[PDB]
There are 6 protein chains.
Amino acid sequence: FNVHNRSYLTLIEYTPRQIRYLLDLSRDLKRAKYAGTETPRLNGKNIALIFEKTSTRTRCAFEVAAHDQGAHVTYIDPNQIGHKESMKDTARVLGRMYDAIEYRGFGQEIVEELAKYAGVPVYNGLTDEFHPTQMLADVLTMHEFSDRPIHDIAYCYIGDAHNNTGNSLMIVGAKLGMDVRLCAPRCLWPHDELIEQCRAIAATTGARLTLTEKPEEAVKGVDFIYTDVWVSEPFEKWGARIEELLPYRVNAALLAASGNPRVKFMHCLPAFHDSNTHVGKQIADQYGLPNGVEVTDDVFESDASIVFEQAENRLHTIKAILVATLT
Amino acid sequence: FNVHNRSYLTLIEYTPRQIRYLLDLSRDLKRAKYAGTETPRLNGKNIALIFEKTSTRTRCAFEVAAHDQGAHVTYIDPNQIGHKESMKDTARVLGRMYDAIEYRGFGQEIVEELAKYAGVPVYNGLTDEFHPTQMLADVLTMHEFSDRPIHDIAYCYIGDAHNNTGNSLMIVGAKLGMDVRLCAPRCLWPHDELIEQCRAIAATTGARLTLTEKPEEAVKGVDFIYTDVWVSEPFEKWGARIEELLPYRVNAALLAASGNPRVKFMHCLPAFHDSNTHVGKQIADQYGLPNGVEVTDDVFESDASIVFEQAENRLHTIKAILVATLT
Amino acid sequence: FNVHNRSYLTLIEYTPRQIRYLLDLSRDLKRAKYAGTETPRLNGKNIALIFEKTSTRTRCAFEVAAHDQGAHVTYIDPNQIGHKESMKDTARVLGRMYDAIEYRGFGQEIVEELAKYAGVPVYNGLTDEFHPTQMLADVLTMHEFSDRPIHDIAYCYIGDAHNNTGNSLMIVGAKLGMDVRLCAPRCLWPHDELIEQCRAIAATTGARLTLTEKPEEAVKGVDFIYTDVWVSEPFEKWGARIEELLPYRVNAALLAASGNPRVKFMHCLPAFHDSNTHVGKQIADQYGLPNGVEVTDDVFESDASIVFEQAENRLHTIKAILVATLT
Amino acid sequence: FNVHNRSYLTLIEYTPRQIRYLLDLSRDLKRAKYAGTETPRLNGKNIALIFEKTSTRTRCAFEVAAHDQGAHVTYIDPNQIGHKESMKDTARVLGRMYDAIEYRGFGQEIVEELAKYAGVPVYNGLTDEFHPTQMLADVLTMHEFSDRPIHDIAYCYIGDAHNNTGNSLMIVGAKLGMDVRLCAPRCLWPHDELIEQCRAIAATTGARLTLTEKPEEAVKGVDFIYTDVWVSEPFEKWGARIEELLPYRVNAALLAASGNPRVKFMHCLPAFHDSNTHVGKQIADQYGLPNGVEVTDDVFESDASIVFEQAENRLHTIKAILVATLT
Amino acid sequence: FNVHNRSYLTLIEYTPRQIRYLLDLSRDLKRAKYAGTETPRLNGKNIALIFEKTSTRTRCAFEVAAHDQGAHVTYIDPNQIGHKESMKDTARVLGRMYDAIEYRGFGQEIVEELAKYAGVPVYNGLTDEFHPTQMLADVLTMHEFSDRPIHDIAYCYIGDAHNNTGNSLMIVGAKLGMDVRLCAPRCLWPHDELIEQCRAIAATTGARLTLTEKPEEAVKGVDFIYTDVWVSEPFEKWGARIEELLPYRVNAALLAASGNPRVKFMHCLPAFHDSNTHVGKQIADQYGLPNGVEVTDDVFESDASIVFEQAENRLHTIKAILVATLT
Amino acid sequence: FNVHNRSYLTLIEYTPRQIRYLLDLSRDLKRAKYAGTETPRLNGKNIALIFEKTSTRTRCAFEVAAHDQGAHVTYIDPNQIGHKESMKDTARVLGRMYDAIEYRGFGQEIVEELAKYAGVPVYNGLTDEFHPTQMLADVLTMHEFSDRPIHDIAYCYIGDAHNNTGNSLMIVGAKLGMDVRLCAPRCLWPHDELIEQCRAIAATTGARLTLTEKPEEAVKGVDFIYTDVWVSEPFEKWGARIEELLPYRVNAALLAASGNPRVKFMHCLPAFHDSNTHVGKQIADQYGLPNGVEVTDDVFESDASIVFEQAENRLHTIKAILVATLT
Ligand SMILES: [Cl-]
Ligand SMILES: [Cl-]
Ligand SMILES: [Cl-]
Ligand SMILES: [Cl-]
Ligand SMILES: [Cl-]
Ligand SMILES: [Cl-]
């Protein structure tokens, strides 16, 4: 019962042993779903889903995972917590009605208060600082597409690194002993406090945390290249960060710069890889990036891309979290 | 397995044999629900419901039908696909999480791309061009209220005919060999390309497709008179189309003009038949139509009206679609 | 089958015998949920939930209660009935698809029309005049925290008394013979018509209905003190009613004025007891009430407060309503 | 839930839409029993059966129908309600123990009081005025043996027409729009009050109610000829009514007088068609009618007779009533 | 297993501890039936029901209780044990076929012989001396309508006290320590032998057994007033006992004589409270008691009357007896 | 399927092979009931029980056997077939409602007509000529109390031999090859036609049928002595037959006359063995037979008596008949 009745706010609060137990559980549940061996063990359990920010992958992953294990789910639309009722008051009411709460919002303060007073497991769909449910899916995808042990895998996240995606990517790789590389301008590196935490963790696990501004050096010898949108947010901010992050675009030459023909590409999504989105065409017109913003359409649709296999693993990893905490 | 694992985008892609198989299935499932013989055969199946346009009849029909067969359902509120994430990207993620997708939106292009990349059955709740789920419910209702074969039934749709409702009403009647009549100004006839497709279909099935501008001639000898709202859309457009469609109002004299005392009245809904709706009173005040816009309150509430029996059959027909494609 | 197949619009339409049957049923279902003896008896039943006003306690109570008894539920977001489709038309469509309807909106006229034409049980989550689902939870909470019979319990609601919360609190206490006290300015007393109805009811049950403007006299000898927000509504109205209701604030001295060390405090929620809500800080800044608007933070968080036990009983009482009307 | 939780006292209180829903339900349940698709949906439900008059068809139909749907049944033998305990008192005790009551007795007053105070659905096995459970079976039998719509069917009841059998036969045919003919002496016509009710109903449904004294005119063009025993009752009354009803005997010439070789014969039973019953031989000896009283043995045993198919449909129609009111 | 495999002939053979265990069990089973938590634990068990005297409440209570716990039941109509076959012989045959026997007859000798030789539990529906199944229902009803402990409850039975109803009412109250009062002429007091048994029992339990001829003194301070019919029996005997029992009629003044506004009224039933019964009008005509014999119609139908809640508790108490002896 | 879908009217229509198959089946079902291995295989099957004559053993045996195999049963009280409705008409209605019919009446003609027209298996509880269900129980009892093969068993029936009990006892023993002896006055021997049938059967099976008037010779060497009541019937007939049957009384000396200390005694019941029955005392008073009519109380209650084990086997043998014909 190491993970029994535990909240899932960030992987910092988890040991490597526990993280790899959740990766193994996600593997077995994914296989059980395909093979038909899956048996529901959360029958009649209700899970509230706070979603102050919109979501497609995380919401659906929670709903289907829940239904596969016999649980029900209540989806709370953004259409306003903290406006008429405090987070502390809301936590103490949902905790007496629901067996678990998921929270997709703004501050780690908010979800930490939710966990403090809820009295039931609380999960972090995404905050401004961390995004741990995504990290479980990412490592599972890398393991599936890797012939080697998890601690021998190397990967480079490139782009806005001080956002929640880069923060948790640093944590997970340091936890599991793998070779992590964050590549970005020093303006967009994670806060030095968090970097220092992960340097200490890497000492105890053999992980190789490196932060650099030079892309061609960050991708050399990696198995996977990772990127995310450069803005979470007003349109005007795009102009500022496009100047900073222009050399960090993920194109065919970048994957070639790794020197690894087996290298794959990952993206937590949503992604701007073409001009077939409303805001995507707004960036392509004013700033002249028609065939992708942070990744080329070619790279995104190439055989090296595994972004959709990564997206599907959100279902199985979140399902593992539900089973490990409620059973 | 003629209909096994098939998308339902429009009835053009369906043979008459398949359409009547779905009508028969809707009849048996409707009877099984009342009699208690219904047995769930979609247990644990998840269905995503894209709803970019609001809906009461279609959403509820999907939810209850799904729950009656043991399936679950995720309702995606309008509150924005195509804004941050492309339809192609969304299709490839939901297709790995859900057993089927429903789409209620704008363009047949959108739902056709959804079907192309989803990898799972995709259903069309409504597009701007077609509305095939409604057509199945309409024909089932006519068959129930008809003592004669489906190919002997006659019906006239009157009003805005180039919208999705008139388009699919032309298709279904041509498929099933029945006597179809669209009555409207030539400004509001369906595009000649679609008319010509249905003329060709009617040749092979014995259907009698006729398009006319004269109401008293379109209703003579029909078993059912059909109408829909004249605007889908800004308020200002009402003034233009009210002038065009004023003589096409459905009143007691019109049903009398059919010459059939057994004639019934149908409406896909929502309908403006009185001044008890917010926009309905706005039309009644400025344009002076207090007792109904496209149909009189008397006609709508008369014993000849079967609009609510038609609405209920949405549950059973959609249920037939779910069973025939997922089983 | 006294309560079989009955709508739940207000407790005026219910006898004391029936109300206490629902309180007893809520007690047994609450105990059955904890003890594991609960057995689902609403399997496959669908319940539509109209929510024109936002809700946390009522929506979740319906969802979880429904799922505990094996029923499904469709949550209709505010994002507009009565705009394009009348309430009468909507009732006749949902009544053929759903086994029951809940309505959370504005006027008793709206939910009464829903019950008239739906053909299935209709429940009142909240209207402007009544809020009967809350009343069942309140009396259950008082009974649990009372060593004495229900008809011997005394309680005082203080604040805006002509709102839906004070109206139904008058009704329920008069029905059950208990000592009821509404304390407010005469401007904010319930309409004299409703007061006179409850005076007549109190004659037949032994209830002691008293309405007063003096707080220290209304709380003397009561077991529970009750309060609610002073505005449902624009911000500007707060200034007017804060002047009226300033002496009716619930502070430590008020509970002391009861003279009962066992006295408890209740609140239907949401509540403004601190400056940790968006609108709550707006009131605290302009009007200078930092530690609570209608109740002190101390009182709200004191051991005397039972507001969260009251909130949880919404699940069990609503569950009792579902079982008693659908079984 | 049009028929949910409703008593079944006479078809006057039922709309045509509801009656045809019960005919459809009887058809589906009859087919489900043969095909094996029937699934019990009344498990654990108890039904009391008041039988102040003896019964074979109605009692057994209730018992087997109940057992097929998983319900139990308590048969109260004639061996005396209203002797030591009032009907009102009995209703309020059985209503708290049983989910439904059936009543086979004397006056519509008795069963109407039972329904008033029972609090649960009450069914009328037979009263002196009406016999609605039989009517459902009769129309189902006619529909099965008719190639044409129900409203096009013609039938003639001949014999004692002011009894319960003729009364309800007038009601049902008027409800369903069919061509009804009662043939009897004016002494034995139904009360003019009831005739006038059914004339008004026939106006709104297209039914053709005709009452005549001439047999050869009443049977011309009918699909079914119906008859019943001429006395319910002392033996002495037979002499009086045999003189009146002698020309109304159902013999081979009468069916020939219809002019329809497809014509069938119906009888609610019990029937005196031979001298193989104790009272049947008493009539045959004194009054000299050896080969049948109201119908010839030849006609009763001819291929045109469908009285036993009619008797079997009592099971399926009563079963439909149980399902439609208790589910 | 204190009550396991035990016959239920009279409460004299039961300790107070066992009686209150059966009252508690009846409470839990009554609540389990309403709440849906009831689970059958007598599946496939057969219970023979000897009924030499007619019965409505006891027969139905046995049938429905049995069916609720999954047992079956065989109802033996009065239409003669002891005529061709002895009770001893019958007991030894039914004991090898049935899991339990109920007996409703004449002498305690008969049911005691049944228990002696049956080899299975035997229950006493009613004898001339005792009626213990009724007593369990009566005490349960008093407890439900009492805010105080069972041993503090006071009640007065008034009328024919030496019948089976008064005899067992004396026993049960003495067993449970409550304040019992039998009020009747000394001609109709129970036999002194039984009175002396209950005086001895009352010594060990604190019960206050008092027998008096003065009504106004017997009702002072009681919570419940109880009465029964004055004859079980020829019509001629009514004249004799009406003279004796005229001052013991239960009217509004009598309940007022208790001095307790909370006082309730009870009656095992059947009751003569109006002229709407065959024998009831015979008494009203000859003896001039039109508005009730032993209780006024006003009192019987007043809010103080709880006779029907008492009747319903026959189901739950008998059910408790079945469960406690067969499980 | 030798016995599949077959009526059971008399054992004459059954081969020895089939009879011993039913004896074996009764043995296995009796053992399965005690051991808990019994599994219901008649679920949902309805069995009508015509009982024109009263019955305790046969009715209960049918009810409990039916319920043990999951079947239901409808008990038709004597309170008149053949009075208003012919047997042929009744058979054709019950055959379409019930899976089987039992008949307990007067003439083999009646039950043979029932089987002819019913269309479903018909069983003979008892007629005036035969009583085959009893015979199966009798042989099973003899086999259980016999260490030797069935064809080596010897038994003597003594008393009124031309009744149904003696008739079928002759048939069964002749079928199974056992040594049968009927002992009675020649006035009360079975009809010579039936005797001659059984002599022919005994030739083919080795049975030893002997009819004698001398008791001491009929009992010599038998394993079982059998007797039944001397009148089925007015009281006056007893005087006539008591004179005839006085020397045929079953007393201790008679069992001694067999010369077999292991000899047992059997009686189909009801039996007059003492003065503890209403009619039994009438015979004892007028005719002076206080300690038994056809058997002494001593013999009936002696250890040699096995009448109650014989009675219990009615359940298991009838159960075998139900299983062998309906499965
Ligand atoms: Cl490129
Ligand atoms: Cl009009
Ligand atoms: Cl304070
Ligand atoms: Cl003829
Ligand atoms: Cl009075
Ligand atoms: Cl002897």
# chains A, B, ... in the order shown; residues from 1 in each chain; ligands from 1
>>> residues_around(residues="residue 274 (chain E)", least_positions_apart="2", cutoff="8 Å", atoms="only C-alpha atoms", output="ChimeraX atom specification")
/E:272,276-277,280-281,290-293,296-297
>>> write_last_selection(atoms="C-alpha atoms", output="tab-separated table (two decimals), in the first residue's frame")
chain	number	residue	atom	x	y	z
E	272	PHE	CA	-67.17	-1.55	13.21
E	276	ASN	CA	-70.87	0.50	5.69
E	277	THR	CA	-70.64	-3.24	6.48
E	280	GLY	CA	-72.41	-3.34	10.89
E	281	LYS	CA	-75.73	-2.01	9.61
E	290	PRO	CA	-75.12	4.36	13.65
E	291	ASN	CA	-71.73	6.09	13.88
E	292	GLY	CA	-69.69	3.22	15.32
E	293	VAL	CA	-70.02	0.31	17.75
E	296	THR	CA	-66.76	6.50	16.68
E	297	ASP	CA	-66.21	7.07	12.98
>>> residues_near_ligand(ligand="ligand 4", cutoff="10 Å", atoms="only C-alpha atoms and all ligand atoms", output="NGL selection string")
:D and (249-255 or 291-292 or 295-300)
>>> write_last_selection(atoms="N, CA and C atoms", output="PDB file, in the first residue's frame")
ATOM      1  N   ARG D 249     -79.933 -15.864 -31.852  1.00  0.00           N
ATOM      2  CA  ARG D 249     -79.022 -16.996 -31.762  1.00  0.00           C
ATOM      3  C   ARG D 249     -78.010 -16.941 -32.902  1.00  0.00           C
ATOM      4  N   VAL D 250     -76.783 -17.380 -32.612  1.00  0.00           N
ATOM      5  CA  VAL D 250     -75.689 -17.372 -33.583  1.00  0.00           C
ATOM      6  C   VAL D 250     -75.610 -18.763 -34.209  1.00  0.00           C
ATOM      7  N   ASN D 251     -76.084 -18.890 -35.440  1.00  0.00           N
ATOM      8  CA  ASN D 251     -76.079 -20.153 -36.169  1.00  0.00           C
ATOM      9  C   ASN D 251     -75.346 -19.964 -37.493  1.00  0.00           C
ATOM     10  N   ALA D 252     -75.246 -21.052 -38.254  1.00  0.00           N
ATOM     11  CA  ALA D 252     -74.510 -20.996 -39.512  1.00  0.00           C
ATOM     12  C   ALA D 252     -75.130 -19.985 -40.468  1.00  0.00           C
ATOM     13  N   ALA D 253     -76.462 -19.900 -40.494  1.00  0.00           N
ATOM     14  CA  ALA D 253     -77.117 -18.959 -41.394  1.00  0.00           C
ATOM     15  C   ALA D 253     -76.747 -17.518 -41.063  1.00  0.00           C
ATOM     16  N   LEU D 254     -76.538 -17.209 -39.780  1.00  0.00           N
ATOM     17  CA  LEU D 254     -76.193 -15.846 -39.392  1.00  0.00           C
ATOM     18  C   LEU D 254     -74.838 -15.436 -39.960  1.00  0.00           C
ATOM     19  N   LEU D 255     -73.828 -16.297 -39.808  1.00  0.00           N
ATOM     20  CA  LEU D 255     -72.521 -15.989 -40.378  1.00  0.00           C
ATOM     21  C   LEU D 255     -72.618 -15.851 -41.891  1.00  0.00           C
ATOM     22  N   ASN D 291     -78.607 -28.118 -29.164  1.00  0.00           N
ATOM     23  CA  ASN D 291     -77.316 -27.934 -29.824  1.00  0.00           C
ATOM     24  C   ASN D 291     -76.784 -26.515 -29.675  1.00  0.00           C
ATOM     25  N   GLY D 292     -76.993 -25.895 -28.515  1.00  0.00           N
ATOM     26  CA  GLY D 292     -76.472 -24.567 -28.263  1.00  0.00           C
ATOM     27  C   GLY D 292     -77.546 -23.570 -27.881  1.00  0.00           C
ATOM     28  N   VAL D 295     -75.117 -19.905 -29.370  1.00  0.00           N
ATOM     29  CA  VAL D 295     -74.354 -20.258 -30.562  1.00  0.00           C
ATOM     30  C   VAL D 295     -74.456 -21.763 -30.768  1.00  0.00           C
ATOM     31  N   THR D 296     -74.555 -22.170 -32.032  1.00  0.00           N
ATOM     32  CA  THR D 296     -74.618 -23.583 -32.369  1.00  0.00           C
ATOM     33  C   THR D 296     -73.297 -24.263 -32.030  1.00  0.00           C
ATOM     34  N   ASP D 297     -73.374 -25.551 -31.699  1.00  0.00           N
ATOM     35  CA  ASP D 297     -72.148 -26.325 -31.535  1.00  0.00           C
ATOM     36  C   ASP D 297     -71.330 -26.296 -32.818  1.00  0.00           C
ATOM     37  N   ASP D 298     -72.002 -26.388 -33.968  1.00  0.00           N
ATOM     38  CA  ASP D 298     -71.300 -26.334 -35.246  1.00  0.00           C
ATOM     39  C   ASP D 298     -70.502 -25.043 -35.376  1.00  0.00           C
ATOM     40  N   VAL D 299     -71.148 -23.904 -35.126  1.00  0.00           N
ATOM     41  CA  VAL D 299     -70.466 -22.620 -35.249  1.00  0.00           C
ATOM     42  C   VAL D 299     -69.329 -22.517 -34.241  1.00  0.00           C
ATOM     43  N   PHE D 300     -69.564 -22.980 -33.013  1.00  0.00           N
ATOM     44  CA  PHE D 300     -68.558 -22.865 -31.962  1.00  0.00           C
ATOM     45  C   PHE D 300     -67.322 -23.702 -32.270  1.00  0.00           C
TER      46      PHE D 300
END
>>> residues_around(residues="residue 205 (chain B)", least_positions_apart="2", cutoff="12 Å", atoms="only C-alpha atoms", output="PyMOL selection string")
chain B and resi 15-17+150-152+171-179+198-203+207-209
>>> interface_residues(of="chain A", to="chain C", cutoff="8 Å", atoms="only C-alpha atoms", output="list in words")
residues 44, 46, 72, 74, 82, 83, 84, 85, 86, 92, 93, 96, 97 and 98 of chain A
>>> residues_around(residues="residue 121 (chain B)", least_positions_apart="3", cutoff="6 Å", atoms="only C-alpha atoms", output="count of residues only")
4
>>> residues_around(residues="residue 106 (chain E)", least_positions_apart="3", cutoff="12 Å", atoms="only C-alpha atoms", output="VMD selection string")
chain E and resid 50 to 54 81 to 82 103 109 to 112 124 to 131 163 to 164 232
>>> residues_around(residues="region 185-193 of chain A", least_positions_apart="4", cutoff="9 Å", atoms="only C-alpha atoms", output="list in words")
residues 159, 160, 161, 162, 163, 166, 167, 197, 211, 212, 213, 214, 244, 245 and 248 of chain A
>>> write_last_selection(atoms="C-alpha atoms", output="compact mmCIF listing (two decimals), in the first residue's frame")
# COMPACT_ATOMS: atom_id res chain seq x y z
CA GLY A 159 11.51 25.08 -26.19
CA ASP A 160 9.97 26.96 -23.26
CA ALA A 161 11.58 25.03 -20.40
CA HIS A 162 10.33 26.97 -17.34
CA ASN A 163 6.70 25.99 -18.04
CA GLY A 166 9.76 21.22 -18.86
CA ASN A 167 9.62 21.31 -15.06
CA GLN A 197 16.52 19.96 -6.34
CA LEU A 211 20.80 22.44 -19.25
CA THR A 212 22.20 24.14 -22.36
CA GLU A 213 21.42 26.89 -24.86
CA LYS A 214 22.92 25.08 -27.87
CA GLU A 244 13.80 34.02 -28.43
CA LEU A 245 12.78 30.53 -29.56
CA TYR A 248 14.92 26.11 -31.11
